[PDB]
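Below sits a lone chain in structure tokens, taken as the form deposited without its partner chain.
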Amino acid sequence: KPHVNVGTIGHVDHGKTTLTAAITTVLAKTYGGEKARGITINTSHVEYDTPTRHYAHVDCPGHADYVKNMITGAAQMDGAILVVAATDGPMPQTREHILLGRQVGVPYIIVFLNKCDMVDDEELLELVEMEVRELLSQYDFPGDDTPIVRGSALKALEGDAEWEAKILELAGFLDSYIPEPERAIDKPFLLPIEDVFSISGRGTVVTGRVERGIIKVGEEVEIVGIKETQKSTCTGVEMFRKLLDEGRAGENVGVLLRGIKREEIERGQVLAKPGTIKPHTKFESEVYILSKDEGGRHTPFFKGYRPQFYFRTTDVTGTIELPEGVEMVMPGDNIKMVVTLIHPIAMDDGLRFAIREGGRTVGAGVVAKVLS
């Protein structure tokens, strides 16, 4: 079953969490036909199945105070479900999440017009959809081709068959609108670590999505980044409600390691095939500085700018060195800069990263040359 990562986004209380619940119970009740919790160890991470696909779903909180949290997640989404209440219509955080979505590159967005159980005016609904499409278009998303499902997450969760049908329609779009993601299975194994929980009588288990390759039980691995590189052996692989012998590219899993204590592995480090990736502190890069037009800074920054650099599952402070003669960087400029991180991160040429500072996204770049 192909694995696809999705999630819920949208304004505070528009119905993200309820919808997540409605999706799992309607799908289990309709197509329904173990202490294993890989990524589900995280409360906002669920898993469910449609007839031909398996989904990893991250339910995001809608308050601006929590924007950080969803970034590392949205960046891993193959597609996102935008929840918008028909009552309120688009709100401030509907805008921000769409914006963040565009900045990190979420490839597809499906809309669930929620709380329609509270609205009887077909004209009201048409108007709201219309403005949701324009809002999407304003952020460079296919507003006119965007599937919009009119439903009620609450009535569906409560068992109302007429509304449950809308949940299935939504699931249908997840299956049809989001293309099957390509997986780098023929590359050396790599998995960025998100959660790290200890299981009594088993050792430590790290979770995350397998970026590329395959990790099989019995194979040895390295833990690279932040701390000094360590070595270990994969004693097991799990998923929500099942045990496996392998972890494949594109799959969200939990990996058991032997001889490693919970306090020796942390978020941000990566699990990898021995000797295939190294930790670096300094590197060169081609970075694009968002314009105000795109939600970036309104002013130029100078030498010694110390923003946060987002690499895979974590972010880390870094200092910037500018090109000889260059005194400032303007919003909207493309520039080559040498970056020095406060601590090492596993990387190689080509690795993408985002730059965030002061509550917003300032840049999007890629590692050009590793130095450290």
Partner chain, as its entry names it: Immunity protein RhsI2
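Residue numbers count along the first chain shown, from 1.
The same protein has a further form, the form solved in complex with its partner chain, not shown here; the description that follows concerns it.
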For the spot marked by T87, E123 and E131, is every residue within 4.5 Å of its partner chain in the deposited bound form through some heavy atom?
yes
Within 4.5 Å of its partner chain in the deposited bound form, heavy atom basis, the matching stretch of 179 to 187, 123 to 131, 255 to 263, 235 to 243 is 123 to 131
Among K227, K282, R212, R95, just one has a heavy atom within 4.5 Å of its partner chain in the deposited bound form, namely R95
Comparing the forms between the shown form and the other one, with one rigid segment turning on another, which of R183, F302, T25, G350 falls at the hinge?
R183
At a change of 3 Å or more, would you call the C-alpha separation of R248 and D59 in the deposited bound form closer or farther than in the form supplied?
farther
In the deposited bound form, the Cα separation between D59 and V253 changes by 3 Å or more relative to the shown form; did it shrink or grow?
farther
